[PDB]
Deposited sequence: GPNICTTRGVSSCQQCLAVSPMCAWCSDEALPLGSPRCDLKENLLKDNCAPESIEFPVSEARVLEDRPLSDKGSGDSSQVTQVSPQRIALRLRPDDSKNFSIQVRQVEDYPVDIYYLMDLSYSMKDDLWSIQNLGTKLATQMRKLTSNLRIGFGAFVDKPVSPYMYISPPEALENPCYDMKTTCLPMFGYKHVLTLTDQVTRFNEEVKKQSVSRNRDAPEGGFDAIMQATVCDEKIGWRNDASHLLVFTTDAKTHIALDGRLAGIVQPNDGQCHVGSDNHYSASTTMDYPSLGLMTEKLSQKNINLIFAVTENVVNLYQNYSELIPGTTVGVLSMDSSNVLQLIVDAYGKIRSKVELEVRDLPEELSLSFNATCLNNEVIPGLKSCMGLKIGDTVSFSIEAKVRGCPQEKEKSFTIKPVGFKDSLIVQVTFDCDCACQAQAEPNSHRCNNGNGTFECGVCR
């Protein structure tokens, strides 16, 4: 029979709104004293209360900043950017948010350059491949970071020429020409977004010389994988290690020909000078240990080798699962495709988080993901590509009426700079409270004030 509005004290307009969202106060002084002033709006209109005199706040959402989502400086990935919520006591209101992956995915490419003498005729090819990697993948993703290192082999007899004395600083001495001193592995340029600089240093590189065809590139692969801070791989980024050579490679247990018997420890031994310091004292790594560290550091090995050894490295690739092989040549297309393809396989997620939500407010979400199905109570979508958009419906409920009256919180996707700032106002009073009329007039018993047709 009776409702919660009428049967709960309700002395004032303010207390009326505090009871429930469905309550409405009648300010009409022409209403008889039998009729209740705090009731449902249907009951007041039905009981001859003047429609103009009914106080019935409606909660709302206003899009304040609504810049559109970007396509392909600013880059808008969340829309709208700012909403204004006006809530009444115990009430709620809902609003929409759209999120889109616009910004390009982060990719690290570290480039290993075989700079042994056999690569003299292939030097242009590896300089071209290096710079086309840097340049073309920069077009593909603005969050590219690229760096490089070089290797020859373990600088120890019999791999190294150790006579005459002049041959140490100039391995090409007996050919009456000049090349650089032999070395195991040199880290040269840490992963950087400075592409022009990467290309410059790559073009400065020249060859050295050693005695035996198989080289020490696997030492470089190991240190390139396990030297986290030196190489500079990022945590939430795709990791590609591109390896160049024109020859066979040394493998674990070869080192015994240089009298090296200590097995590879799989630890970083590239300190301040950027040389692999264990080169002359530690054996080449086994495939299994390479595989382990690659998997552990989440690095994808790409062998970029010349045609004469593709079959060799294709076969090693099968023993190191996940590794791929591309042909190093004067043309850079083959190898670049492997990287583009790897980038194409990247997928991301939109996972909303709320910061600075008041004690009083509570949110509920509905996620509409790529499947175009409202998964209720869900606030994250997965499997997005660049350009994909997902959508969430958020509902905010205030607990009662807080004395703060103006709070704000943020809804932000994890990993996105963009956010929705929601500004909440609490509308607990009535418009007729502004028309206070300080003097009693009607009460005249030291009560004072007369608002919305009522005494104290």
Unmodelled ranges, which are counted on the deposited sequence from position 1 and given in order: 73-77
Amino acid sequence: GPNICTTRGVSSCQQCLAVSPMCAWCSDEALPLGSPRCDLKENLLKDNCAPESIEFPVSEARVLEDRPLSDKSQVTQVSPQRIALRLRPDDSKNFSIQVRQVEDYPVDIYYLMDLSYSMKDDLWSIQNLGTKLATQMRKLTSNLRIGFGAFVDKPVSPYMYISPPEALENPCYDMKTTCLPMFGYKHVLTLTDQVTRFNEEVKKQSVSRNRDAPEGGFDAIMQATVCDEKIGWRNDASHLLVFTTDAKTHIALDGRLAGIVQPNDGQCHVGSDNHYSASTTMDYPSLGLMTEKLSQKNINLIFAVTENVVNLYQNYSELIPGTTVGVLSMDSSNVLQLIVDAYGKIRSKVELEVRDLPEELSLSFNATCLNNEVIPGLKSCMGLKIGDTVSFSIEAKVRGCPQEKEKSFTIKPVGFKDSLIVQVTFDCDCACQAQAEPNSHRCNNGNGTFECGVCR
From here on, numbers count along this sequence of modelled residues.
Return whichever of 89-97 and 152-160 has the greater mean Cα B factor according to the PDB record. 89-97
Which has the higher mean CA temperature factor in the PDB entry, 359-367 or 274-282? 359-367
Ranked C-alpha temperature factor of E103 among modelled chain residues, by third: middle
How does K72 rank on Cα B-factor within its chain, lowest, middle or highest third? highest
Where does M175 sit by CA temperature factor within its chain: lowest, middle or highest third? middle
Mind checking which third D212 falls in for C-alpha B-factor across the chain? lowest
Entry-reported C-alpha B-factor of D246 relative to its chain, by third, is lowest
